Amino acid sequence: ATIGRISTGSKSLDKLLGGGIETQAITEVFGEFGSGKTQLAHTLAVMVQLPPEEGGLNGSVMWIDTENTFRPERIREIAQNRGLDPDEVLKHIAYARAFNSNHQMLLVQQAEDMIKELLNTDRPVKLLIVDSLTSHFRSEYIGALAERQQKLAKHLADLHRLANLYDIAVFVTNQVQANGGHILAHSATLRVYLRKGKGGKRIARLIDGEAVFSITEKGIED
Ligand SMILES: Oc1cc2ccccc2cc1O
């Protein structure tokens, strides 16, 4: 398949990304608590449902939530201010809460079943969100870094296999603050550092110019 791109909702961020986040790729956004990573996830879950003329892929979404941070009412607001029907947008997001890191790993295998089911339809899965990818692994493997890295590595390999095999954009969030961080090392296809700036602006930079945007009723925008 050719590489598809999903607009983020921000012209600035899209330019930094070469058009949007890519299918057949893992995009990792990392930054401190409150930097806006989950707002970007919510916005992408709407944008991907637009036609390509508007920066989408007519795609379905699968969302793995590790922190109980998915908000359907926020999806509704973004959809209504992106000219989409909110009920339809929500009906094309498959949602699951991961109870721990082992369940999170099983959910990725379960996602493949729904991906296969939708593959030849008019609304194939085009976006898989894992928010937050690292939170359970971090809490469960305190004092056991070597074992944590083994399990994360297999989890990321599973996500890569899905991105490439099924032409999906995988979007993952990672909280990194004071003294913290191996990030995801070099595993993601693309690492995006997100931070708060003056006056509530958000600033994004590729790791390995900068885009600036705001969180609004449209999700994010310039
Ligand atoms: O109904 C489902 C929703 C999911 C969401 C994310 C990951 C896996 C899922 C599997 C399902 O059957």
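The basis for the numbers below is simple: all heavy atoms, side chains too, and nothing from hydrogens, waters or symmetry mates. This chain uses plain numbering: 1 for the first residue, then up along the sequence. Just so you know, ligand 1 is whichever comes first in the structure, and atom 1 is the first atom listed for that ligand.
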Return the closest protein heavy atom for atom 12 (O) of ligand 1 as residue, atom name and distance.
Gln110 NE2, 4.6 Å
Less than 4.0 Å from atom 4 (C) of ligand 1, is there any heavy atom belonging to the protein?
yes
For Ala96, the atoms of ligand 1 under 4.0 Å from one of its heavy atoms are 4 (C), 5 (C), 6 (C)
Indicate yes or no: does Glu112 engage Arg161 in a salt bridge with an N to O separation below 4.0 Å.
yes
Do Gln24 and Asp167 have side-chain N/O donor and acceptor atoms under 3.5 Å apart?
yes
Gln110, CD atom: more than 12 neighbouring heavy atoms under 6.0 Å
yes
I need the nearest protein heavy-atom contact for atom 7 (C) of ligand 1: residue, atom name and distance, please.
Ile64 CG1, 3.6 Å
Short question: side chain of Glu140, backbone of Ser101 - any donor-acceptor pair under 3.5 Å?
yes
Test item: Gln104 side-chain N/O and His136 main-chain N/O as donor-acceptor pair under 3.5 Å:
no
Protein contact to atom 8 (C) of ligand 1 [nearest heavy atom, distance to 0.1 Å]:
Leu107 O, 3.5 Å
Are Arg202 and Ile220 packed together at the side-chain level, in the sense that at least one heavy-atom pair is separated by less than 4.5 angstrom?
no
May I ask you to list the atoms of ligand 1 that are less than 4.0 angstrom from any heavy atom of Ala94?
3 (C), 5 (C)
What's the shortest distance from atom 9 (C) of ligand 1 to any protein heavy atom, and which residue and atom give it?
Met62 CE, 3.5 Å
